[PDB]
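The residues making up each chain are set out below.
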Amino acid sequence: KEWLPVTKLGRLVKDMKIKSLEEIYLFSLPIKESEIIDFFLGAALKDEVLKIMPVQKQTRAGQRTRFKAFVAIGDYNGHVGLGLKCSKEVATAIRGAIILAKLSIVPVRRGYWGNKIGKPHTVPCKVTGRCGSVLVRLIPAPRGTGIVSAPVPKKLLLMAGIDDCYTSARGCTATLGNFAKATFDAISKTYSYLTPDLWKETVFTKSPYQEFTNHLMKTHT
Amino acid sequence: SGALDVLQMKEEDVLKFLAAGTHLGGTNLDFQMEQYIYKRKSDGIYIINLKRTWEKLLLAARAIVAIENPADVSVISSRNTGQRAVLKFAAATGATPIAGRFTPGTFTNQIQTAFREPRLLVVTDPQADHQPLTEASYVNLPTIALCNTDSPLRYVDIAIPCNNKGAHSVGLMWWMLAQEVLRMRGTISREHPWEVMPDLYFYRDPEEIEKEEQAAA
Amino acid sequence: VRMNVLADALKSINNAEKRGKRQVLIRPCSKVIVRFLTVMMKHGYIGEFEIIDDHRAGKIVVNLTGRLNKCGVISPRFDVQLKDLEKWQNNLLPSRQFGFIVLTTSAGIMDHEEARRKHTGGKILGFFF
Amino acid sequence: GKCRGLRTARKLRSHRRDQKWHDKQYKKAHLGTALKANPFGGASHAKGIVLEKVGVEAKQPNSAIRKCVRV
Amino acid sequence: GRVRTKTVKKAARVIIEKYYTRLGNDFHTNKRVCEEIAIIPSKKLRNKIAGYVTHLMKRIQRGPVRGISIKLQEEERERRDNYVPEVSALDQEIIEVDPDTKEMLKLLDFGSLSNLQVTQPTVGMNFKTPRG
Amino acid sequence: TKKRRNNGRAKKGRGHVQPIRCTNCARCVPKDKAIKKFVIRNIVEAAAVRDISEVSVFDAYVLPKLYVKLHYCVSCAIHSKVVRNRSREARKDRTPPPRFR
Amino acid sequence: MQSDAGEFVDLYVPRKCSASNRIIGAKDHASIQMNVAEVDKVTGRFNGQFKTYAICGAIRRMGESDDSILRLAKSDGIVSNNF
RNA sequence: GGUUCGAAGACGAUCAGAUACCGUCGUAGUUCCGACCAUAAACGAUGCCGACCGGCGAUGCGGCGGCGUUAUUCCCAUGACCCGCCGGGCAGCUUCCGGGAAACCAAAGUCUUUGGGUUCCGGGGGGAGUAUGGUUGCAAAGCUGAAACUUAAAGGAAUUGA
Ligand SMILES: [Mg+2]
Ligand SMILES: [Zn+2]
């Protein structure tokens, strides 16, 4: 249960020096330790297997059937991640899928439909996500509409923390691999989209590495 | 780097550059290295403008000094030419040298024993070290590079327009960066010549060391 | 041949923005283009611009900022009634918060906000958001 | 849409009017022949007199007899 | 058919990197060192490990061994029979300095030096390759 | 599926190129598609050289070479092992194979 | 990003590229932030302040991160205006 | 008009059989002039006109500028090379422009952030480019062109086996 961190960010997290996941997302640091996620959003996160999918390669004699687990994760308040894992056993596939889903959680930005009162409930603007053939477009909807969508993107938008949203998917959506990935691309794009709100000139603070450079010299070589 | 009479090219560095042959580019030009060049000869070689070379060298020196922990400024050279110069630079400043064969995965594979997480990459040739640059696009890692006239500026953030093919030129360019880093820190004084000779950084090939072995006996 | 001049002006801005240029050259300038670009500028999607004046159709050098996503034309120029602004700006614009539909009214060339303000219809030219 | 002129209405309309015939279901409805060939003649059910019983052998991998009746 | 397997080779490289200072040129002494320092479970394996140890170490001195990296240590072994510069590389006489160097040289305030002589600029261009 | 960007031939801006007869067969193939080889052999072989070198009236007569320009259809070229199948990526290399000695 | 009340309601504000004015996303691992040191006018020594520059991932792999950093430095007065 | 070659056909072999491949003959034809026919994997399997968006090296035609080489020995000046620049053309290489199901394509890009202009044309696989009517041609046939009925797949790119 003891976590001895193999990365430098993971160290700073464990020593109680970085005190929010937003101070990492701001600097776009690749999170390579799963325990960083389980530290901040520890008790909040909820797993759900979307599908277990057997894939077979033909060899000298017979197949090699190995399994492939799609796992959505995220606290129902502004973080979502999707992890795929392929192994010989379904127990091993689901375990590694939960971990890969955790490492790839993102901040979902939420805005309003029209009247700018309460908390942000829906998607800030229209966003499109693409994977192979599938194309998932999120449109903002008025308050208490719910998620008017297919069950796969519905539970990804539920877990993301969006209350209201229209969708309009095109392509071979039966493919639950690309449908959920196109949805994940769409949700992830909400914060890499420039609106007149993000126009005020950026004021740069210090990197967590630069600011706590003094500490990382003595804590581990 | 500029607008300061203190930092301008003093009464030695030019003859040192023009002796080393730093001002001689290749026969081919990269479209992004046009600004750093003066004029093309008949002979078909590009002449590099030493003033902008010098301005890039001092801006590179600034970016290196700005790092608070001098340990995590990784310096790299895979070619025979720079393998000594990088070790001498690193020993002088306190940088972390990788001279010869950067194994793919030292930045993105946390399991490897030779796994570093540096804060500023310094390369001798983008063509030779095309592996650390492309691997430095997977971790947020700014880059300095001893770029020739034809060397591409893909993932390169400060290109020092020099002649990185020659032994004397590479060795001198590493020496001048090392000296500027220490001058700007306050280890060396601005006015007195650094007691290190720039020839400590040059590549002594096994034929010429056989000659120097003979010369001493 | 060049049948729509505003169409090519806005496509050349769009490619220049995407590619990450600081400024762009528009070839055959016109009142409608200059009147489109002043509406853009007035909200602050483009900086200043300078209309280079030969003894022909002029040229425009526009100072691009990096705060324009898309600027597109609508050909043909449909007769947008006032009661149709909503169902146009519902499917053309990204959100109800930002983005504008410039349409040529009797008053002049202006966005859907000012056309609603002055109680006027007209013809859709394009949109920027 | 391909042609986008502000008075290309008879073009777009006449084009669509012609190209709806290439739809299998539309043509099967709007040409007479399907209804003219249909034994029921476009009706829900129909009464008919049984004239013999028949054992129809089922298709492939399935292997059985079907208790059909000629009416 | 005397190819040593990864077992013998890896064990040899790990033994040298940890215990360089004991192992030497003699096979029999560093057989006895490897015997003590390494809990090796068979005698033929110990002899093959010890055998390859006094082959790697008998070539560390010659120079550029790759797989084993006690790097400054190999450098300090290189620094024993030193031919150190008394008067180092560029402590010399007049320098050959290209008349087109000399125009880029008085683009500063330098026109000349004690050890600067302006030779002859390049004549002719046999430089490109016929396009066949 | 499209195999070769140029459709196994050196035709780009024509439409028609006069056909040519395969030397092994007599198959009509387009001139630019045909596998061409230029063969320059001595009229006598290798070991017969010294026989005809000394049983000749003229001192220092450089006996002539026979010059043959061979065209093959793709079928004959592959069968007679002039050309062979290559790796999907290695097909692209147009550089003629090394003749040194 | 505030409601009618004026409470700043979105959970963070992403940095914007110093060159192209694009916003640097959470999973953009090809972006940089480079601190260029400040020199004391007379001594020629490091003060303890610096001019930081953020750059987008697309700009870097395009290969304009070099000329972009150059323009930002030249505008901030680090690099000489003659150059 | 008929040199060569060669549908038909005459044989000779091979083969279980050969009405084919292989071989010796060989009429129509292949060639020229004048009337027809209007189709090809008639292919870039990719309509045309216009604008915008990376780099490099060559190439064919026209122009423009420049050390030097060679002929006109008198070299003004033209021609043959050399080094670059501009515009049209056939192509090539390269890259995280971007797209695409991919193979791949600086166009097949600038497309859910969907609208520059316009012509033709496709709608699961068969039945079938069939029947029928019309029209063109001396004939062969061309252009236009369904239905009843049958069917759960046919198919495209790429992967791992045999
Ligand atoms: Mg043809
Ligand atoms: Zn043949």
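Look a little higher up for the structure.
About the criteria used
- Residues numbered from 1 in each chain as written, not as in the entry; some residues may be left out.
- Chains lettered and ligands numbered in written order.
- Part of a larger assembly, values for the part shown.
- Heavy atoms only, no water.
- Residues with missing side-chain atoms left out of burial classes, pairs and counts.
- Donors = N, O, S within 2.8 Å, 3.2 Å for Na, K, Ca; no water.
- Tetrahedral: all angles 85-135°; square planar, octahedral: opposite > 155°, others 65-115°.
- Helix = DSSP H or I, 4+ residues; strand = E, 2+ residues; numbered from the N terminus.
- Buried < 20%, exposed > 50% of the residue type's maximum accessible area, 1.4 Å probe, protein only.
- Pairing = 2+ DSSP bridges.
- Axes fitted to C-alpha atoms, helices over the stretch in contact; angles between N-to-C directions.
- Contact = heavy atoms within 4.5 Å.

Caption draft 1: Quick peek at the coordination of the zinc ion (ligand 2). Residues and elements named next belong to chain F. The protein atoms donating to the zinc ion (ligand 2) are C22 (SG), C25 (SG), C73 (SG) and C76 (SG), with metal-donor distances spanning 2.2 to 2.7 Å. Coordination at the zinc ion (ligand 2) is irregular, judged from the four donor atoms that bind it and the angles of 80 to 136 degrees they form at the metal. Linear spacing of the donor residues for the zinc ion (ligand 2) on their chain is C-x2-C-x47-C-x2-C. In this pair, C25 is assigned in the loop between β1 (19–21) and β2 (28–30) and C76 in helix α2 (residues 74–79), connecting sequence segments 51 residues apart. We classify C25 as partly exposed; its relative accessible area is 41%.

Caption draft 2: Focus on the sheet that holds strand β3 (residues 59–64) of chain C. All names here are of chain C. Spatially, three strands are ordered β1-β3-β2 in an open sheet, and the strand pairing comes out antiparallel. A single partner strand is all that each edge strand has here, and the edge strands are β1 (23–26) and β2 (46–52). The mean angle between the axes of side-by-side strands here comes to 20 degrees, regardless of whether they run parallel or antiparallel. Both β1 and β3 contribute to a ladder of four bridges, which runs antiparallel. In the strand pairing of β3, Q23 is matched with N63. The strands touched by helix α1 (residues 5–19) are β1 and β3; relative to β1, the strand with the most contacts, the crossing angle is about 160 degrees. Packed on one face of the sheet, helix α2 (residues 31–43) meets β1, β2 and β3 and runs near 155 degrees to β2.

Caption draft 3: Just the sheet that holds strand β5 (residues 127–131) of chain A, in detail. Residue and element names in this part refer to chain A. Overall, mixed pairing links the four strands, which are arranged β5-β6-β8-β7 in an open sheet. The sheet is open, and its two borders are formed by β5 and β7 (147–148), each paired with just one other strand. In this sheet, strand β6 (residues 134–139) lies alongside β5 in antiparallel orientation, the contact comprising five bridges. Paired with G129 across the two strands is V136, which belongs to β6. Against the sheet, helix α6 (residues 181–188) engages β5 and β6, with an angle of about 140 degrees to β5.

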